[PDB]
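Participant: I am attaching a structure below and will ask some questions about it afterwards.
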Amino acid sequence: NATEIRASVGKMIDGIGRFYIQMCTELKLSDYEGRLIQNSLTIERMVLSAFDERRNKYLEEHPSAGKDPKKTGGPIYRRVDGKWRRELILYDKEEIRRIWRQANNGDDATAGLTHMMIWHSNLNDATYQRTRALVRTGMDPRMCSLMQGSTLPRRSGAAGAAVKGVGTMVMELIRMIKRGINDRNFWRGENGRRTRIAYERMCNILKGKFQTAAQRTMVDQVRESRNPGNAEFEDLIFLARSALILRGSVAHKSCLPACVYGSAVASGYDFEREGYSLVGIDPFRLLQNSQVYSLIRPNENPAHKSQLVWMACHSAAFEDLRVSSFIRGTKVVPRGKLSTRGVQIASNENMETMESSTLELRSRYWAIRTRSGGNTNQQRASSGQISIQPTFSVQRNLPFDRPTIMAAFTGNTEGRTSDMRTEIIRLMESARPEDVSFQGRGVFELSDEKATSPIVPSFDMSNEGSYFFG
Amino acid sequence: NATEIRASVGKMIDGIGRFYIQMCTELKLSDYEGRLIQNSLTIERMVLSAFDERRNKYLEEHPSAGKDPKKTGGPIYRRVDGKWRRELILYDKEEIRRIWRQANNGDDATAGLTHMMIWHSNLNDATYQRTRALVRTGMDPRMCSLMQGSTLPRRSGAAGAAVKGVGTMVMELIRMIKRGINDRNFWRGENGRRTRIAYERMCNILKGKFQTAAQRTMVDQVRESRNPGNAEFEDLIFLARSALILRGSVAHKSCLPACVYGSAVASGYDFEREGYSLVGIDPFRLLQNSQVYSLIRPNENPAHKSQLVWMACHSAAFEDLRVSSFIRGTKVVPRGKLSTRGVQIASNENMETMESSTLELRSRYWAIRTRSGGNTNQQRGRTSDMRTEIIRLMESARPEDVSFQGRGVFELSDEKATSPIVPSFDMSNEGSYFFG
Amino acid sequence: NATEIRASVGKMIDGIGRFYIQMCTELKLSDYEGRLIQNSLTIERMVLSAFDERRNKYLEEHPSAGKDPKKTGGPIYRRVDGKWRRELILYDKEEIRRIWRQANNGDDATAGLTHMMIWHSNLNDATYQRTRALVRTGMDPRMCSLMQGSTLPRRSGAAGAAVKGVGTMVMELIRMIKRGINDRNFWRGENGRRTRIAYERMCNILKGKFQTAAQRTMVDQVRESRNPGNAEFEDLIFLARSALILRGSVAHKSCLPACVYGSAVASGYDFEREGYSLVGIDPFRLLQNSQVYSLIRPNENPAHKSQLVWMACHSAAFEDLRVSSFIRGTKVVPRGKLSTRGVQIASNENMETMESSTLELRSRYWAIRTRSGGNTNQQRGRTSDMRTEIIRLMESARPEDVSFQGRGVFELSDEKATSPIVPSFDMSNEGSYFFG
Amino acid sequence: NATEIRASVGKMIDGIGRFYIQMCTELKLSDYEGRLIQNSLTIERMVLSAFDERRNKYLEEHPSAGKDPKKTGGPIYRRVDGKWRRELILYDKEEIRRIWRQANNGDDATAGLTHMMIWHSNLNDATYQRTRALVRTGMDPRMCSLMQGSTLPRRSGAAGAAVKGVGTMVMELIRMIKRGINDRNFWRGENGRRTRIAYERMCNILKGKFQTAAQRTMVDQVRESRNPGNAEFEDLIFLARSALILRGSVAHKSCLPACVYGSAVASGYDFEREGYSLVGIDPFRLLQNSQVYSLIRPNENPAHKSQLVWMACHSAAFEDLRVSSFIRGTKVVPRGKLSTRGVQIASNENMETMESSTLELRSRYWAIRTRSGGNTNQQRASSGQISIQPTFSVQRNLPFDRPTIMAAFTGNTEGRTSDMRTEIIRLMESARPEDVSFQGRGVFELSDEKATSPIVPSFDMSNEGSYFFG
RNA sequence: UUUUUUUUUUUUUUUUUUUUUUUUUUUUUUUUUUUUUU
RNA sequence: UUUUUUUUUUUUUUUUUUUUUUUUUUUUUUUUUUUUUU
């Protein structure tokens, strides 16, 4: 059943919106100031810093960074008669802990935490990607497309684990492998057992993420190494560059600004009654009647800022630019010529230059965002019979597929790293930049609610560039 | 003597046909509607749901699935002036229990039950095979050929046990082994004793099914493990992949549609007098003058549907395609390019698109279907030592060894197995593989 | 350092004595009634029934035994002008929980709980030993001497675990082994893991209790059996009958009546300041100026009752009678001819016959009670190979080997263990055996 | 609790009495004829022949003995104006089966069957004992005292098994041993397994019956012989002659004539309400107001017949004659000079000589009949310590009882047949014909109901003879 | 001439996947900024 | 200087027993009668 999931997510987002309402009440902010992305961003880093129970425990025993008992940051932006001023207001965690507890009807609301931290990961992926760490591990900077959910820490649950990219897992596992190579950390102690456990948990997340059997089997084989040394490093680099084309089925969770939920809840649009969805039309239509204000530099233009905000909201920064333009209806400028900077404001930037203005989020069309992959790799061992059974008593031969009969019996087991790299190469050669994907699905219009009739897009606009970076 | 067996099976099928006659009388169906496979299929799931005494006892204590006191399903298809309509008519078990009791002259007729449930297993094997469960147990999907009688539950008797495939038994035993591994279920209690008993019963069924001494001995030694753990899992997987070539002597019971028997009985062809057989010419000649109507989708073609129905009737879906074509006289299309779907109709499919038409069951020739193995086998401490002889026998095996010496395909006009004709195919590599 | 342990035990017993003072205040009992053992006994079963959190949780889900929400028993004995009357006054646990919490300065005082439950175990061992269970497990009734701390449940900590006898652990482990033999209880579930854990905890307690390397090694090897069946049963019976002579180093915790502590605390003798000890002179000198009243049957004599009470207080019921007589200065009658019964009074006994009188606890001498073994041990693939060395050590053992060299019995007037006097008994065979 | 057992036995005897009422109704017998022991005796052999399901199955496949489809015997005695006549009326089993089924409220009433068959065993033991079979097995005729419950077949349950004597079990086991010696009957077949099972069931019944540990252990040891040959024969004969003095705790079930229950039930004395007991005062007071008529030969005297009937009712034929006389208040004549014959009438005896008269069952006193033994054997291994533990740290010896320490360790196990016969002989020598038993219990008066105050009997009447046979 | 046993929740939307899927903590990092520098 | 874990019904009439204890069938016997006879 899907009604229960819809009711649960509706209750969750209703609690989130009511917490936004109460923060607006408590902060004594104006109507316009309640529609600013920066305030929600700072408040949500406060949120994560209050539920980072692991870091809370680590910092209680580590009283450093000067005045840091329980309070961090808090750069609240406020309006005086047109001008803007930032105040470093410090909030302790504990009162906000209870205000959450009262906001979700006595519950912890950790799922909502996962969605906000994923949405921060989405905005981070949209704005800046780290080839710095990608080459710190030595991997080439060609794979920036697989840094989805990179900023997400381990503390997130299965829902958070679903949206993390393959390359994010590759980076996380190489970090552990390099740490275990630097020092003899895999001893029989509890630390070794726990890092082992986290390792197989991340690995079965990986093998769940993939779709074709060959990569799943080679990930299974990679596990057989009890002592991760150097060979597994290139093994999993080969895994990553195979996933470049043999991409994993990674979900795309549609989270929206802290305000958008608050404005919707304030108007009385209860999500529990009519139901809510995270993949369907829902986050699209809530943005159809949403007003958002944002802060812009004197050199920054708002036209690219709105498009980057739409990137961050719908996590489409790693998609084809042409498709995003089609849903937008307007051309989406790649990051090469974006005359804008990061959404977040540096702590040293002055305030006389800063100017607030609206953001455009309206899109002409809407589409479903499933956690599926492209259809192209379909040529190997077609599932079929190997033996036959005599039904009629007729003097005839019994056809046996002998060369596979030896293959099943071989000797011990089967499957290797380079052996399977051979089929990786074969499949890559079979792959073409022409294979059309997502057959049977199309882009839909806003006026339709039940997915009745789509329109098939068709682009012949040469080589405008389907590459957000470079 | 063979006359007594023939008389018994003739009486049984006569009772079955008379029950078909009475259901036709009671359902107020027309002559054409009495020749529909779907009606017989639904009625026979009603049959199994009425004699599933174990499930009856389990569901009486488990009142779930909404309105389910005694009645399940019942999608009866009916004609209005060319068009078709399904009615969800619910029948309770008990009245049909007594109608059976009166249909077999006061007897339970459990053997007939076994043949109908086997025929459902035959149609299921013909239509869809489950690599889903085959890989749920982790076994590779290369052995779909040994899923014969897979849908058959344990409740069937020895006659039902004869036709179940080796792979079906492998799946059933691995299920029990995994259940005993998940929890400490082999205690000295009655449950452990009874599952133990069922285990040796299934195992001596297995060792009866095989023919060569080596596999019988290794099955004997697999029994010596009082605690089935993980090693026996690969042991019996090796047994299965050895039976891939060293196939077991599994019977092929020739059951026919619920209607075919009813039409034959209605015409007055008493089977007790002239005798009946389940392996010989009998089910062939009854189909020589049988008319069958069936329901077909607007995209489905009837040409492949008739061949699939012949598969289901004669359980030849696991045989060589070339031989089935020879008896048919027409080419039999493998499942790779069958532009058809399952015979059974989904509960949500609309009725304006559905169209009824005849099915062809005539075959140019007839052949005996014995429960023997290929002549190639006659030409040829732990489990691994015997695995060595398994490997050497597999190496000795060739894809050239001709089997079934001294037997041939026969013509319809002959009744006493007088003179056959030797077939000979040189048509390259058309493909002797129904799947793939 | 030993000062911290002395301060801790002094604080603990001071809290216990202050709780006794407050119960005397709250119960409105007279001065004489505050010196009765029966009242303290009933109050301390109330104590254990209030901290038996496991049983509290088990009984909250199990509302049986009629009126048993939170209150059990409570047979308070009171005096009217010489005569005696029992009232079944029921006290709930929770208020006494907070009165404890206020009695130990906001602490739970679980250690004191361990000492009171051990002292109940000491009195139980002094009064009655169960050959009933000893033969329920089938072990012979010759080993009644190793039933020390038998009544102690698992809930006690390491201090409680120290005083439990070897035979008590043998009984507890055989109970678990028989339970695991009756049903397949060692599955991979959490229950099996937890019983496994309790098993190695009890086993390393066992191997800590022993002194010679051979028995420690054979206990180590008994662990190697992942599935405890029947062989381990006789293996650990052999372990027990080896510990009959190769005794384990089991402590003897010197706990005293609930009143004795209360009278001492009431007089103002703070134990924190001057320090307190559980093994040294301390419990001896507190009894040198302690007055105790007790209830006696019209047929029971008080002379044997006082000696049995001294047994219960100092846990000397399993020691040689001659030594206990030497410290007493008077002959100690063995249980064979004790014309007395159990200290506790049956729920049906009438009250007109019951008579209260003093008890004598004065002893002429005092001695240290260490958790060591006899000096005789220092003078000296499977389980059977080590059983061979067990047999040869038993043969090397003699009933003549004198133990405890370098230590002696001391006089009361000395406080710092200056000069002892060596005892010497030549009084034939008076009988060094409390039972039989 | 004892109330439930009392209610169950009361319901059972109420059903029995109501069945007696209905048989009196159906047989068209007079009031006097309903108080005849012979009619109840014949009817109860009909009862056992109707529930002997094993024999029913054996005789259905064995149609012999002429006219014997379902009907056996049935010598009903009737009065014509003073004279007596027997009619061989044949009743089939099945209708009486349903009349029972309706008499116990839809139940089978097998327990009542056990009590009636035990009461037949009691009367048989009172009247005639078989030294014929006792010497057929070769055992001497000195042990006629242990033939209690000898006629009881195996079909009885645990309640029936409790009252069977030790010698009865000895005879039953020797029969099986001789059968297994004559032919190789202990094969691995089902028959051998089932006779094995019956063997250990009879043996743990035996070891439950005994009281002293030595005989229990030697019975345990006798079991260790997987192939019962000749040695076990003398082994169990030694067991029997040891039980001659070391008697087993065998119960004495107090069943009464078929009529006595019927007369009590007919008068309206419901046993369910006031409760009923099988060991206490109950069967005594029901006989205090019971009238019984019986058939007597022209040479037989009724005075000894009444005493023999009291023997049969209370199963006191194996007790001391002096005690039975004390409860009677009149001298009880031993079987040596009883000028009477068996209660049952031979099939050929004429009817002109037969005369009916009353029977006396009144007793001056009453006593409890427990399933306990005599107190005398109490001198062997007095349960006591073997080791000591040092409580005080004193320089002293550690007393160890070494000769028993070797005995526990010995080598393998311990206990034999002749080895234990040695302690049998020692105990027999310690036994005396003077040891008084049953201390703390006494004979009671009729007027008391709650066992308040007894009177101690004392006999100094020389050697009148405490031996019913000889 | 070879045979009707029952043990705690499954399945006809469909033909080779999906299963209604989840808050763990170990010795110093990061919002001056967008692909280097430590 | 060595430590509070919980898994389906027990126990203070009392000191070494008792445990509220149960319808299985395998090849020919027995009521002339009470200790022989086959």
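Convention: chains lettered A, B, ... in structure tokens order; per-chain residue numbering from 1; ligands numbered from 1 as shown.
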Write out as number ranges by chain every residue belonging to chain D that has an atom at most 7 Å from any atom of chain C, counting only C-alpha atoms.
Facilitator: D: 382-400
Participant: For the selection just defined, write its residues with N, CA and C atoms to a file, as a PDB file, in the first residue's frame.
Facilitator:
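Output (result.pdb):
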ATOM      1  N   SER D 382      23.939 -44.215  56.548  1.00  0.00           N
ATOM      2  CA  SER D 382      23.233 -43.011  57.062  1.00  0.00           C
ATOM      3  C   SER D 382      23.698 -41.770  56.292  1.00  0.00           C
ATOM      4  N   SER D 383      22.775 -41.121  55.574  1.00  0.00           N
ATOM      5  CA  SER D 383      23.098 -39.905  54.782  1.00  0.00           C
ATOM      6  C   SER D 383      23.851 -38.895  55.657  1.00  0.00           C
ATOM      7  N   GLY D 384      25.093 -38.572  55.284  1.00  0.00           N
ATOM      8  CA  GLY D 384      25.917 -37.613  56.046  1.00  0.00           C
ATOM      9  C   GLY D 384      27.044 -37.043  55.203  1.00  0.00           C
ATOM     10  N   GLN D 385      27.802 -36.095  55.762  1.00  0.00           N
ATOM     11  CA  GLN D 385      28.909 -35.473  55.057  1.00  0.00           C
ATOM     12  C   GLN D 385      30.029 -36.484  54.807  1.00  0.00           C
ATOM     13  N   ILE D 386      30.882 -36.160  53.836  1.00  0.00           N
ATOM     14  CA  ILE D 386      32.060 -36.966  53.531  1.00  0.00           C
ATOM     15  C   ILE D 386      33.284 -36.058  53.549  1.00  0.00           C
ATOM     16  N   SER D 387      33.071 -34.767  53.308  1.00  0.00           N
ATOM     17  CA  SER D 387      34.153 -33.797  53.273  1.00  0.00           C
ATOM     18  C   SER D 387      33.834 -32.643  54.214  1.00  0.00           C
ATOM     19  N   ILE D 388      34.834 -31.795  54.438  1.00  0.00           N
ATOM     20  CA  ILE D 388      34.707 -30.631  55.302  1.00  0.00           C
ATOM     21  C   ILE D 388      35.323 -29.431  54.595  1.00  0.00           C
ATOM     22  N   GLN D 389      34.899 -28.236  55.000  1.00  0.00           N
ATOM     23  CA  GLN D 389      35.416 -26.997  54.431  1.00  0.00           C
ATOM     24  C   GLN D 389      35.984 -26.124  55.534  1.00  0.00           C
ATOM     25  N   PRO D 390      37.182 -25.568  55.362  1.00  0.00           N
ATOM     26  CA  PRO D 390      37.760 -24.715  56.408  1.00  0.00           C
ATOM     27  C   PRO D 390      37.090 -23.348  56.435  1.00  0.00           C
ATOM     28  N   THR D 391      36.345 -23.093  57.506  1.00  0.00           N
ATOM     29  CA  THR D 391      35.727 -21.795  57.734  1.00  0.00           C
ATOM     30  C   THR D 391      36.664 -20.837  58.447  1.00  0.00           C
ATOM     31  N   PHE D 392      37.157 -21.212  59.623  1.00  0.00           N
ATOM     32  CA  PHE D 392      38.207 -20.469  60.304  1.00  0.00           C
ATOM     33  C   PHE D 392      39.573 -20.909  59.791  1.00  0.00           C
ATOM     34  N   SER D 393      40.508 -19.960  59.748  1.00  0.00           N
ATOM     35  CA  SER D 393      41.882 -20.251  59.336  1.00  0.00           C
ATOM     36  C   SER D 393      42.649 -20.711  60.571  1.00  0.00           C
ATOM     37  N   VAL D 394      42.563 -22.007  60.855  1.00  0.00           N
ATOM     38  CA  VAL D 394      43.191 -22.602  62.030  1.00  0.00           C
ATOM     39  C   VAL D 394      44.073 -23.749  61.561  1.00  0.00           C
ATOM     40  N   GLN D 395      45.248 -23.887  62.173  1.00  0.00           N
ATOM     41  CA  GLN D 395      46.162 -24.958  61.797  1.00  0.00           C
ATOM     42  C   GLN D 395      45.610 -26.298  62.283  1.00  0.00           C
ATOM     43  N   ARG D 396      44.836 -26.958  61.424  1.00  0.00           N
ATOM     44  CA  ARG D 396      44.140 -28.178  61.808  1.00  0.00           C
ATOM     45  C   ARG D 396      44.065 -29.116  60.618  1.00  0.00           C
ATOM     46  N   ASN D 397      43.851 -30.391  60.926  1.00  0.00           N
ATOM     47  CA  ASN D 397      43.673 -31.414  59.912  1.00  0.00           C
ATOM     48  C   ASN D 397      42.340 -31.243  59.197  1.00  0.00           C
ATOM     49  N   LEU D 398      42.291 -31.707  57.954  1.00  0.00           N
ATOM     50  CA  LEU D 398      41.058 -31.697  57.181  1.00  0.00           C
ATOM     51  C   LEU D 398      40.518 -33.118  57.101  1.00  0.00           C
ATOM     52  N   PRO D 399      39.510 -33.460  57.905  1.00  0.00           N
ATOM     53  CA  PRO D 399      39.044 -34.850  57.956  1.00  0.00           C
ATOM     54  C   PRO D 399      38.358 -35.270  56.664  1.00  0.00           C
ATOM     55  N   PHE D 400      38.894 -36.324  56.050  1.00  0.00           N
ATOM     56  CA  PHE D 400      38.358 -36.867  54.805  1.00  0.00           C
ATOM     57  C   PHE D 400      38.010 -38.328  55.039  1.00  0.00           C
TER      58      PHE D 400
END
Participant: Report as a ChimeraX atom specification the set of chain A residues whose atoms approach chain E to within 10 Å, with distances computed over only C-alpha atoms (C1' of nucleotides).
Facilitator: /A:1-2,4-5,51-58,62,73,108-111,113-114,127-132,141,154-159,191,340-342,344-349,383-384
Participant: Using the chain letters and numbers from this document, which residues of range 135-347 of chain B does DSSP assign to helix (DSSP H, G or I), as a PyMOL selection string?
Facilitator: chain B and resi 135-136+141-146+158-163+166-182+190-209+213-223+231-243+258-266+271-274+282-288+302-314+321-328+335-337
Participant: At a cut-off of 12 Å, which residues of chain E touch chain B? Count only C-alpha atoms (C1' of nucleotides) and give the answer as a PyMOL selection string.
Facilitator: chain E and resi 1-19
Participant: Write out, as CSV, each residue of chain B that has an atom at most 9 Å from chain C, together with the closest pair of atoms and their distance in Å to one decimal, counting only C-alpha atoms, rows going by chain and rising number.
Facilitator:
residue,atom,partner,partner_atom,distance
B:182,CA,C:188,CA,8.3
B:183,CA,C:187,CA,6.4
B:184,CA,C:187,CA,5.6
B:185,CA,C:184,CA,7.6
B:186,CA,C:184,CA,7.8
B:187,CA,C:184,CA,5.5
B:188,CA,C:183,CA,7.5
B:189,CA,C:183,CA,8.3
Participant: How about saving the chosen residues, C-alpha atoms kept, as a tab-separated table (two decimals), in the first residue's frame?
Facilitator:
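Dumped everything to part-v3.tsv:
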chain	number	residue	atom	x	y	z
B	182	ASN	CA	17.47	-20.76	10.34
B	183	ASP	CA	16.14	-22.24	13.60
B	184	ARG	CA	17.01	-25.30	15.71
B	185	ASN	CA	14.00	-27.19	14.36
B	186	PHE	CA	15.34	-30.77	14.50
B	187	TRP	CA	14.58	-31.27	18.22
B	188	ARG	CA	13.34	-34.59	19.65
B	189	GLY	CA	9.76	-33.30	19.45
Participant: What separation in Å, quoted to one decimal, exists between CA of residue 70 in chain A and CA of residue 50 in chain A?
Facilitator: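 Distance between the two atoms: 8.8 Å.
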Participant: Would you return as a list in words the members of range 156-396 of chain D that DSSP assigns to strand (DSSP E or B) on this structure's backbone?
Facilitator: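 Reading the DSSP output for range 156-396 of chain D, strand (DSSP E or B) covers residues 293, 294, 295, 296, 355, 356, 357, 358, 365 and 366 of chain D.
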Participant: Give me the residues near range 268-285 of chain B as a VMD selection string, where near means some atom within 7 Å (using only C-alpha atoms (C1' of nucleotides)) and where sequence neighbours in that chain fewer than 3 positions away do not count.
Facilitator: chain B and resid 6 to 7 9 to 11 14 253 to 254 264 to 265 288 366 368 to 369
Participant: Would you write out those residues with N, CA, C and O atoms, as a PDB file, in the first residue's frame?
Facilitator:
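Written file, result.pdb:
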ATOM      1  N   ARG B   6      -6.326 -50.912 -16.330  1.00  0.00           N
ATOM      2  CA  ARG B   6      -7.101 -50.258 -17.377  1.00  0.00           C
ATOM      3  C   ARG B   6      -8.545 -50.043 -16.944  1.00  0.00           C
ATOM      4  O   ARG B   6      -9.117 -48.971 -17.175  1.00  0.00           O
ATOM      5  N   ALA B   7      -9.151 -51.048 -16.315  1.00  0.00           N
ATOM      6  CA  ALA B   7     -10.521 -50.900 -15.835  1.00  0.00           C
ATOM      7  C   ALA B   7     -10.618 -49.820 -14.764  1.00  0.00           C
ATOM      8  O   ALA B   7     -11.566 -49.023 -14.760  1.00  0.00           O
ATOM      9  N   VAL B   9      -8.619 -47.139 -14.297  1.00  0.00           N
ATOM     10  CA  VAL B   9      -8.455 -45.802 -14.869  1.00  0.00           C
ATOM     11  C   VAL B   9      -9.660 -45.437 -15.731  1.00  0.00           C
ATOM     12  O   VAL B   9     -10.076 -44.272 -15.781  1.00  0.00           O
ATOM     13  N   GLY B  10     -10.248 -46.425 -16.413  1.00  0.00           N
ATOM     14  CA  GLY B  10     -11.457 -46.161 -17.175  1.00  0.00           C
ATOM     15  C   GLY B  10     -12.615 -45.739 -16.292  1.00  0.00           C
ATOM     16  O   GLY B  10     -13.330 -44.787 -16.607  1.00  0.00           O
ATOM     17  N   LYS B  11     -12.802 -46.428 -15.164  1.00  0.00           N
ATOM     18  CA  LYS B  11     -13.838 -46.037 -14.212  1.00  0.00           C
ATOM     19  C   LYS B  11     -13.581 -44.637 -13.673  1.00  0.00           C
ATOM     20  O   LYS B  11     -14.504 -43.819 -13.550  1.00  0.00           O
ATOM     21  N   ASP B  14     -14.281 -42.083 -16.355  1.00  0.00           N
ATOM     22  CA  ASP B  14     -15.723 -42.045 -16.570  1.00  0.00           C
ATOM     23  C   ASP B  14     -16.411 -41.224 -15.485  1.00  0.00           C
ATOM     24  O   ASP B  14     -17.309 -40.424 -15.775  1.00  0.00           O
ATOM     25  N   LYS B 253       2.782 -38.244 -17.135  1.00  0.00           N
ATOM     26  CA  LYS B 253       1.379 -38.639 -17.053  1.00  0.00           C
ATOM     27  C   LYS B 253       0.561 -37.785 -18.017  1.00  0.00           C
ATOM     28  O   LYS B 253       0.602 -36.553 -17.961  1.00  0.00           O
ATOM     29  N   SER B 254      -0.188 -38.453 -18.900  1.00  0.00           N
ATOM     30  CA  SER B 254      -0.907 -37.797 -19.992  1.00  0.00           C
ATOM     31  C   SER B 254      -2.344 -37.482 -19.565  1.00  0.00           C
ATOM     32  O   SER B 254      -3.284 -38.250 -19.777  1.00  0.00           O
ATOM     33  N   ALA B 264     -16.234 -36.766 -24.359  1.00  0.00           N
ATOM     34  CA  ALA B 264     -16.126 -38.189 -24.664  1.00  0.00           C
ATOM     35  C   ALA B 264     -17.138 -39.008 -23.872  1.00  0.00           C
ATOM     36  O   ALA B 264     -17.767 -39.927 -24.409  1.00  0.00           O
ATOM     37  N   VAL B 265     -17.301 -38.693 -22.585  1.00  0.00           N
ATOM     38  CA  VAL B 265     -18.247 -39.435 -21.754  1.00  0.00           C
ATOM     39  C   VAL B 265     -19.683 -39.137 -22.180  1.00  0.00           C
ATOM     40  O   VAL B 265     -20.541 -40.032 -22.182  1.00  0.00           O
ATOM     41  N   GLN B 288      -8.113 -36.771 -31.330  1.00  0.00           N
ATOM     42  CA  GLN B 288      -8.303 -36.798 -32.776  1.00  0.00           C
ATOM     43  C   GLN B 288      -9.696 -36.350 -33.189  1.00  0.00           C
ATOM     44  O   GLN B 288      -9.873 -35.873 -34.313  1.00  0.00           O
ATOM     45  N   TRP B 366       1.937 -40.619 -33.379  1.00  0.00           N
ATOM     46  CA  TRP B 366       1.789 -40.942 -31.968  1.00  0.00           C
ATOM     47  C   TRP B 366       2.997 -41.755 -31.523  1.00  0.00           C
ATOM     48  O   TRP B 366       3.597 -42.482 -32.319  1.00  0.00           O
ATOM     49  N   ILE B 368       4.891 -43.736 -27.767  1.00  0.00           N
ATOM     50  CA  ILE B 368       4.816 -44.171 -26.379  1.00  0.00           C
ATOM     51  C   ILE B 368       5.681 -43.240 -25.543  1.00  0.00           C
ATOM     52  O   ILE B 368       6.711 -42.740 -26.007  1.00  0.00           O
ATOM     53  N   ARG B 369       5.261 -42.977 -24.308  1.00  0.00           N
ATOM     54  CA  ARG B 369       6.002 -42.107 -23.397  1.00  0.00           C
ATOM     55  C   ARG B 369       6.308 -42.891 -22.123  1.00  0.00           C
ATOM     56  O   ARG B 369       5.555 -42.821 -21.145  1.00  0.00           O
TER      57      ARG B 369
END
Participant: Go ahead and compute the interatomic distance for CA of residue 248 in chain D and CA of residue 166 in chain D, in Å to one decimal.
Facilitator: 6.8 Å
Participant: With a distance cut-off of 8 Å and only C-alpha atoms (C1' of nucleotides), select the neighbouring residues of range 174-183 of chain A, excluding the residue or stretch itself and same-chain residues fewer than 2 positions from it, and output the selection as JSON, numbers by chain.
Facilitator: {"A": [137, 170, 171, 172, 185, 186, 228, 229, 233]}
Participant: Using only C-alpha atoms (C1' of nucleotides), which residues sit within 10 Å of residue 173 in chain B once same-chain residues fewer than 2 positions away are excluded, as a PyMOL selection string?
Facilitator: chain B and resi 167-171+175-179+198-199+202-203+233+236
Participant: Just how far from CA of residue 142 in chain D is CA of residue 230 in chain D, in Å to one decimal?
Facilitator: 21.7 Å
